[PDB]
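Remarks on the structure that follows.
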Amino acid sequence: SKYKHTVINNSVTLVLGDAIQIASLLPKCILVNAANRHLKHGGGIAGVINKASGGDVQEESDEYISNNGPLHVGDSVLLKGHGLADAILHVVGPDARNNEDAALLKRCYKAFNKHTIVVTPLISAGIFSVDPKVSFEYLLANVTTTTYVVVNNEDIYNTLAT
Ligand SMILES: Nc1ncnc2c1ncn2[C@@H]1O[C@H](COP(=O)(O)OP(=O)(O)OC[C@H]2O[C@@H](O)[C@H](O)[C@@H]2O)[C@@H](O)[C@H]1O
């Protein structure tokens, strides 16, 4: 009720705000990180998640990548929450700058469905250069669990809420 939000369907609510703040409000949730294949948390939400954890997220991510090797595009990994959420689901969206197809967002978003409550940004819609409407369409087509899709730009919010 405190946020500009639009309930889209029985699964998805679009929220204008900061995904970290929304994840903190909910008593139980998974927070989704928009990651790269090496979980090297850069200039988008990944860096903000890492900084909010005091670097704990990057330390854990490095440990995982040593155990797994690099992820494939479209893969995800459930790691610890570090007080931000019950857990963080790191998803590797396609990077359009590297000619990776937006269709791989199907794999990213399907990974949400085993989790009861998900708080997510729009995967690939920032640095990875996929149209926010395209990412949101893949989200709506594939997500079948209670999901708060949090966007921090009001113009994007207005576009997607219409
Ligand atoms: N705190 C936030 N809350 C909600 N949405 C946010 C927030 N910060 C950024 N966003 C939005 O989330 C969307 C995803 O943007 P990025 O975080 O840039 O994600 P992506 O486009 O998937 O790029 C992934 C790449 O960026 C690096 O951070 C990461 O390490 C990877 O290399 C964009 O629309 C961006 O504006």
Side-chain angles (χ1 to χ4, degrees), residues 2-6 8 12-26 29-65 68 70-77 79 81-85 88-112 117-140 142-143 147-162:
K2 162 188 158 157
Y3 289 95
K4 293 184 175 71
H5 75 279
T6 301
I8 305 293
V12 173
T13 300
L14 179 68
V15 185
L16 177 62
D18 176 353
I20 295 168
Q21 188 190 95
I22 299 302
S24 280
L25 283 162
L26 290 161
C29 67
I30 305 301
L31 174 62
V32 176
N33 182 31
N36 59 52
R37 291 177 62 243
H38 288 85
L39 303 181
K40 302 291 189 174
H41 301 307
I45 197 172
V48 183
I49 287 170
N50 185 43
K51 289 186 109 187
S53 80
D56 297 349
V57 168
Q58 188 65 73
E59 189 182 42
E60 185 193 19
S61 292
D62 289 356
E63 182 277 329
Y64 175 82
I65 294 295
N68 183 64
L71 294 151
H72 301 280
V73 180
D75 286 352
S76 59
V77 56
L79 292 182
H82 305 282
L84 302 185
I88 298 165
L89 182 66
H90 300 263
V91 306
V92 183
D95 183 0
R97 304 171 302 169
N98 200 41
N99 209 14
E100 294 163 8
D101 199 278
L104 287 158
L105 288 166
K106 177 176 189 181
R107 294 184 179 179
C108 297
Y109 287 127
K110 282 185 73 70
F112 289 17
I117 303 288
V118 178
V119 177
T120 188
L122 282 179
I123 306 306
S124 295
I127 291 163
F128 280 6
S129 303
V130 174
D131 177 8
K133 183 178 179 180
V134 170
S135 184
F136 191 56
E137 283 168 15
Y138 276 105
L139 195 159
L140 295 179
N142 290 289
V143 174
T147 301
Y148 300 91
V149 180
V150 188
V151 303
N152 68 352
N153 182 288
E154 190 157 14
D155 293 316
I156 294 179
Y157 174 83
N158 288 338
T159 296
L160 301 181
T162 62

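Positions are given from 1 along the sequence. Start at 1 and go down the list; that is how both ligands and their atoms are numbered. Hydrogens, waters and symmetry mates play no part in the numbers below; they use all other heavy atoms, side chains included.
Put simply, no part of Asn153 is less than 4.0 Å from ligand 1, judged by heavy atoms. Heavy atoms of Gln21 stay at 4.0 angstrom or farther from ligand 1. Not close to ligand 1: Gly93, with no non-hydrogen atom less than 4.0 angstrom away. Ligand 1 has at least one atom lying under 4.0 Å from a heavy atom of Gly43.
Backbone and side-chain nitrogen or oxygen atoms of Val151 are examined, and none is located within less than 3.5 angstrom of a nitrogen or oxygen of ligand 1. Residue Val48 has no nitrogen or oxygen atom sitting less than 3.5 Å from a nitrogen or oxygen atom of ligand 1, judged on distance alone. Close N/O approach between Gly47 and ligand 1 is not found [any backbone or side-chain N/O within under 3.5 Å]. For ligand 1, the polar-atom distance check against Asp18 finds a nitrogen or oxygen pair separated by under 3.5 Å. In terms of N/O distances under 3.5 Å, ligand 1 is not approached by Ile156. Remark: ligand 1 and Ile123 share no N or O pair separated by less than 3.5 Å (distance only, no angle test).
The protein does not reach atom 35 (C) of ligand 1 closely, with no heavy atom under 4.0 angstrom from it.
The contact set between ligand 1 and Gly126, taken as ligand atoms under 4.0 Å from a residue heavy atom, comprises 14 (C), 15 (O), 18 (O), 21 (O), 33 (C). Near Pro121, the atoms of ligand 1 lying under 4.0 angstrom from a non-hydrogen atom of the residue are 12 (O). Each of the atoms 19 (O), 22 (O), 24 (C), 29 (C) of ligand 1 lies under 4.0 Å from some heavy atom of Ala34. For ligand 1, the atoms sitting less than 4.0 Å from at least one non-hydrogen atom of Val150 are 4 (C), 5 (N), numbered in the order shown with element in parentheses. The contact set between ligand 1 and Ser124, taken as ligand atoms under 4.0 Å from a residue heavy atom, comprises 20 (P), 21 (O), 22 (O). Heavy-atom contacts of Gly44 reach the following atoms of ligand 1: 17 (O), 18 (O), 27 (C), 28 (O) (cutoff under 4.0 Å). Ligand-side atoms of ligand 1 in range of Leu122: 13 (C), 14 (C), range being under 4.0 angstrom from any heavy atom. Residue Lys40 approaches ligand 1 through these ligand atoms, each under 4.0 Å from one of its heavy atoms: 30 (O).
For the pair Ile22 and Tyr3, the minimum side-chain heavy-atom distance is below 4.5 Å. Side-chain contact check for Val57 versus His41: some heavy-atom pair is nearer than 4.5 Å. Residues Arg107 and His72 have side chains not in contact (no heavy-atom distance under 4.5 Å, counting atoms from C-beta outward). Annotation: side chain of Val143 is not in contact with side chain of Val118 (no heavy-atom distance under 4.5 Å).
Under 3.5 Å, the side chains of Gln58 and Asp62 contain a donor-acceptor pair of N or O atoms.
Note that the CG atom of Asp75 and the CG atom of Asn68 stand 7.5 Å from one another [nearest 0.5 Å]. If you take OG1 on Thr147 and CG on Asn142, they are separated by 11.0 Å, rounding to the nearest 0.5 Å. One distance of note links CZ of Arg37 with CD of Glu100; it measures 8.0 Å at 0.5 Å rounding. Rounded to the nearest 0.5 angstrom, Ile65 CD1 and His90 NE2 are separated by 9.5 Å. Separating the CG atom in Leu79 from the CG atom in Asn33 is a distance of 9.5 Å, to the nearest 0.5 Å.
For atom 9 (C) of ligand 1, the closest heavy atom belonging to the protein is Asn152 ND2, 3.8 Å. When only non-hydrogen protein atoms are considered, atom 32 (O) of ligand 1 lies nearest to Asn36 ND2, 3.0 Å. The protein atom (non-hydrogen) at minimum distance from atom 17 (O) of ligand 1 is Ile45 N, 2.9 Å. Nearest protein heavy-atom neighbour of atom 25 (C) of ligand 1: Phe128 CE1, 3.5 Å. For atom 18 (O) of ligand 1, the nearest protein heavy atom (residue, atom name, distance) is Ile127 N, 2.9 Å. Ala19 N, 3.0 Å is the protein heavy atom nearest to atom 3 (N) of ligand 1.
A salt bridge is defined here as a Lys NZ or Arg NE, NH1 or NH2 lying under 4.0 Å from an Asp or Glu carboxylate O, and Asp95 with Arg97 meets this definition.
Closest non-hydrogen pair, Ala34 versus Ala46, comes out as O-CB, 3.8 Å. For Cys108 against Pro94, the heavy-atom pair with the smallest separation is SG-CD, 4.4 Å.
Tested against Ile123, the residues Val91, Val149, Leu139, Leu104 include a single side-chain contact (heavy atoms from CB on, under 4.5 Å) partner, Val91. Only one option out of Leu25, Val32, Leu31 pairs with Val119 in a side-chain contact (heavy atoms from CB on, under 4.5 Å); it is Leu31.
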